[PDB]
Amino acid sequence: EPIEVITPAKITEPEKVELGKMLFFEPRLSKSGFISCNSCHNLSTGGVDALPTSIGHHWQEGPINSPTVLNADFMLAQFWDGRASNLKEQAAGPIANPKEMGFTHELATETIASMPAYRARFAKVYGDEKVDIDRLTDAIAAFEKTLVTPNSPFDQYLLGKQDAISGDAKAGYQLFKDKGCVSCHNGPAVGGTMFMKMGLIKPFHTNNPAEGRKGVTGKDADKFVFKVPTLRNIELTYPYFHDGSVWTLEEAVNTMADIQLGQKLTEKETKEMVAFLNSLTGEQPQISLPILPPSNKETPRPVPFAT
Amino acid sequence: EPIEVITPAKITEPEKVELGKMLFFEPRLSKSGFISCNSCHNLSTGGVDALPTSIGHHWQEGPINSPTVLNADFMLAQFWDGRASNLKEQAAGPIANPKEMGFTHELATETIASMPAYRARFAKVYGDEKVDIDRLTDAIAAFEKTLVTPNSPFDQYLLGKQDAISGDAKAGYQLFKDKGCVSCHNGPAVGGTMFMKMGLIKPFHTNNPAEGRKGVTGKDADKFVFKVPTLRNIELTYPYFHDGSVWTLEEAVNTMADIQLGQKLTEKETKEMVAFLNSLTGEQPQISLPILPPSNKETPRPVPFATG
Ligand code: HEM
Ligand code: HEM
Ligand code: HEM
Ligand code: HEM
Ligand SMILES: [Ca+2]
Ligand SMILES: [Ca+2]
């Protein structure tokens with residue numbers, strides 16, 4: 001089969017994953033002292049804010065839909081345009097992004113380094129108490145690699161449990177293959193293995209200006225070519241597409257069939273397609289909320305409002 | 001001894017607690033779909049946002065410092081001005097407060113009732129799958145009552161363990177008593193047993209307009225009379241006072257000694273006091289980040305920007 005099962009994450013650097021988990025939930029990575037990775041990739045809600053575009057520092061309206069951190073390591077690159085190569089490189093972006101955490105790499109590292117409890121952990125992981133952006137993002141990336149979603153009802157079906165999904169869902173997987181969805185959405189993450197044009201046969205209408213891969217490569221052929229997203233946990237990651245325009249998976253599957261394949265789905269076919277896509281929802285990360293250390297007199301004060 | 005030990009939470013109703021935890025972390029209880037109770041009472045950082053005052057809907061600056069939910073069921077009343085009797089009544093407020101979650105009770109219950117997984121849990125706890133603010137806030141309060149902080153160094157000391165706290169911290173505690181702090185800050189939560197004047201001997205110098213109890217009662221005698229906060233986990237719940245004006249416990253202790261007692265602390269005395277107070281940090285809630293059900297076609301969409 002073109003779709004493969006996701007296996008539970010193997011943790012090989014436990015101290016580092018713990019430090020990463022703390023940092024993913026650390027709102028003092030932001031200027032406000034209020035926004036953490038979790039604010040926009042909420043692990044209680046499919047690893048996303050579930051908004052059309054993000055709400056950032058000062059309630060600024062973000063330019064693009066927040067994708068899920070779930071199974072993000074199976075992606076060939078990171079961000080919609082693939083401008084980051086892995087999760088460690090990606091993590092540098094939000095901290096310093098004015099529309100997101102609104103901080104700087106220098107302020108983030110000073111903030112974390114103010115606290116002996118954090119310094120002790122960087123020392124255990126990397127060899128001394130220095131905090132720099134490489135270590136901080138490396139730790140975050142190590143944690144994110146644990147956020148896989150094994151044991152979806154579909155995975156149980158691929159492993160031979162014929163009763164793990166409905167007949168609607170089984171017919172939907174067949175449609176998925178037979179219509180050509182799988183040509184772009186395949187591998188363990190049902191997506192994430194390639195860049196492809198959004199609007200291959202028919203243009204995709206949006207008033208969102210994001211040009212995708214063209215903004216990394218400079219190639220006009222790369223205009224509106226985006227990373228193919230994962231369809232794992234697609235049930236949870238509404239609204240859909242990079243512009244957050246579509247709230248129902250019903251409409252997303254029909255928009256994809258219409259513009260990627262040249263023909264929308266029937267009522268029955270949509271029912272089946274959605275059934276299959278929901279069966280891709282895996283076991284969500286079970287994480288204990290991390291207990292973060294107190295700020296001290298050396299910790300930069302947050303600036304939620306004026307100064 | 002005027003301070004008592006915090007015992008671990010007796011969990012008698014774990015299904016309700018579970019439901020309560022989900023709702024406490026549920027950002028779809030806010031109009032924006034972005035703010036939950038945990039936003040302002042962040043359980044990773046002492047049950048508080050650690051901001052001078054809170055960030056609400058549309059990034060509004062709130063009027064007062066968000067208190068910790070840790071040990072809050074020990075409080076004689078809820079809110080700085082004591083306007084809510086207990087955690088259940090309290091929880092109704094923020095959901096409908098325009099400067100906080102900015103939602104309505106009607107929309108909150110419709111939002112939760114839209115999802116079969118939520119309806120199933122309400123049924124399992126209350127007997128049918130109807131959602132109203134009564135059951136919603138009952139479940140949240142059930143979860144909050146579990147958020148006690150046992151096993152602090154000072155508790156170990158009260159129980160007899162002499163090396164539980166430092167020499168400084170021991171001197172700290174005798175000073176806390178001898179100077180009269182314990183007249184207002186006592187019991188299991190080292191606080192929350194009474195409302196007292198902020199600025200008993202001298203005025204509290206603040207630019208914050210909050211009136212305290214007078215705002216609720218109208219009485220001139222209740223002016224700047226506030227619920228005495230818990231000092232449990234005071235290490236973690238900076239900045240201090242209802243105006244969130246002071247970031248160090250050093251300043252906080254000196255301000256109190258001065259304006260509540262007419263007393264000035266030696267540097268060694270302030271350091272002793274701060275060591276004592278630091279010893280009041282207990283074991284933090286150990287909880288699993290709740291997995292919330294997906295919205296569906298009957299779930300009201302979040303409204304992060306629109307005025308309607
Ligand atoms: C260090 C903290 C953060 C981490 C580790 C993180 C993680 C990630 C990852 C892995 C991706 C790419 C996944 C993919 O392309 O499929 C991503 C993209 C994105 N995240 Fe975050 N995130 C963080 C902070 C934030 C915050 C605070 C916000 C909102 C204010 C946010 C909103 C977004 C948006 C809008 C994108 C897509 C941007 C683009 O494609 O250019 N992220 N994040
Ligand atoms: C009917 C068959 C298909 C179905 C049901 C389907 C399903 C989906 C869904 C549900 C999304 C939204 C993901 C998200 O927002 O996180 C999506 C996005 C996407 N898919 Fe498909 N897909 C199909 C066919 C294809 C084909 C044939 C291609 C390539 C030719 C493709 C490439 C993409 C791309 C580039 C995106 C991101 C588009 C954007 O938001 O700009 N898909 N797909
Ligand atoms: C239903 C969700 C919430 C719950 C269960 C909750 C819990 C509590 C509790 C127990 C108190 C009183 C504790 C005490 O006075 O000792 C309180 C007060 C307070 N909380 Fe929340 N909270 C919620 C939502 C929020 C949000 C979203 C914000 C920020 C936007 C916030 C900020 C505050 C503030 C500023 C106060 C003090 C207000 C006053 O004294 O008048 N709360 N909360
Ligand atoms: C040196 C002795 C004292 C110390 C070290 C002390 C400690 C503290 C601390 C650290 C706070 C900040 C709590 C927070 O912001 O959450 C506080 C607040 C408070 N304490 Fe004390 N306290 C002392 C004496 C007193 C006395 C004698 C009274 C009553 C007469 C009192 C009543 C209060 C009240 C009403 C508040 C809240 C005031 C406000 O922010 O509006 N304290 N105390
Ligand atoms: Ca989405
Ligand atoms: Ca405080």
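So you know, we letter chains A, B, ... as the sequences are listed, proteins then strands, and number each from 1. Every heavy atom of this structure was used, including side-chain atoms; hydrogens, water molecules and symmetry mates were not.
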Testing the basics here: between [X] and [Y], what is the closest heavy-atom pair and its distance to 0.1 Å?
| X | Y | result |
| --- | --- | --- |
| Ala169(B) | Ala275(B) | N-CB, 3.6 Å |
| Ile64(B) | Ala210(B) | CD1-CB, 4.0 Å |
| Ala91(A) | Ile140(A) | CB-CG2, 4.1 Å |
| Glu100(B) | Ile35(B) | O-CD1, 3.8 Å |
| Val246(A) | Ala252(A) | CG1-N, 3.5 Å |

If I measure from the heavy atoms of chain B, does [X] come under 4.5 Å with its side chain, its backbone, both, or neither?
| X | value |
| --- | --- |
| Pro239(A) | neither |
| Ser36(A) | neither |
| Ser39(A) | both |
| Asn296(A) | neither |

Using heavy-atom distances under 4.5 Å, tell me whether [X] contacts chain A through its side chain, its backbone, both, or neither.
| X | result |
| --- | --- |
| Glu283(B) | neither |
| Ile287(B) | both |
| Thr237(B) | neither |
| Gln286(B) | side chain |

- Message: Is there a side-chain contact between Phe241(B) and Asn65(B) in this structure, where contact means two heavy atoms from C-beta onward sitting under 4.5 Å apart?
- Response: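 Answer no - side chains too far apart.
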- Query: Taking the six-membered ring for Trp, are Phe34(A) and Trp59(B) ring centroids under 6.0 Å apart?
  - Reply: yes
- Message: Using 0.5 Å steps for rounding, measure from the CD1 atom of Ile6(B) to the CG atom of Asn71(B).
- Response: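 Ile6(B) CD1 to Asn71(B) CG: 5.0 Å, rounded to 0.5 Å.
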Determine the option with the most heavy-atom pairs under 4.5 angstrom with chain A, choosing from [options].
| options | value |
| --- | --- |
| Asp49(B), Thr281(B), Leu292(B), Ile55(B) | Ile55(B) |
| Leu236(B), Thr248(B), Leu51(B) | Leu51(B) |
| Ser44(B), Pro294(B), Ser32(B) | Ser44(B) |

- Under 4.5 Å, heavy atom to heavy atom, which residues of residues 108-121 of chain B contact chain A? none
- Item | Closest-packed option against chain B by number of heavy-atom pairs under 4.5 Å, given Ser288(A), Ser295(A), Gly46(A), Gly33(A) | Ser295(A)
- Query: Do you know which of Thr299(A), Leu249(A), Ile291(A) has the most heavy-atom pairs under 4.5 Å to chain B?
  - Reply: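 The option with the most such pairs is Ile291(A).
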- Query: Which is it for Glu272(A) and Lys268(A) under the salt bridge (charged side-chain N to carboxylate O under 4.0 Å, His left out) test, yes or no, and what are the steps along the way?
  - Reply: CA-CA 6 Å; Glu272(A) 297 171 341; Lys268(A) 182 178 166 281; 3.0 Å; yes
- Query: Can a salt bridge be assigned to the pair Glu250(B) and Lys271(B) using a cut-off of 4.0 Å between side-chain N and carboxylate O?
  - Reply: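 Answer for the salt bridge query: yes.
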- Message: Keeping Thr230(B) on the side-chain end and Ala189(B) on the backbone end, is there a donor-acceptor pair under 3.5 Å?
- Response: yes
- Item | Parallel, tilted or perpendicular: ring planes of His41(B) versus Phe24(B), cut at 30 and 60 degrees | tilted
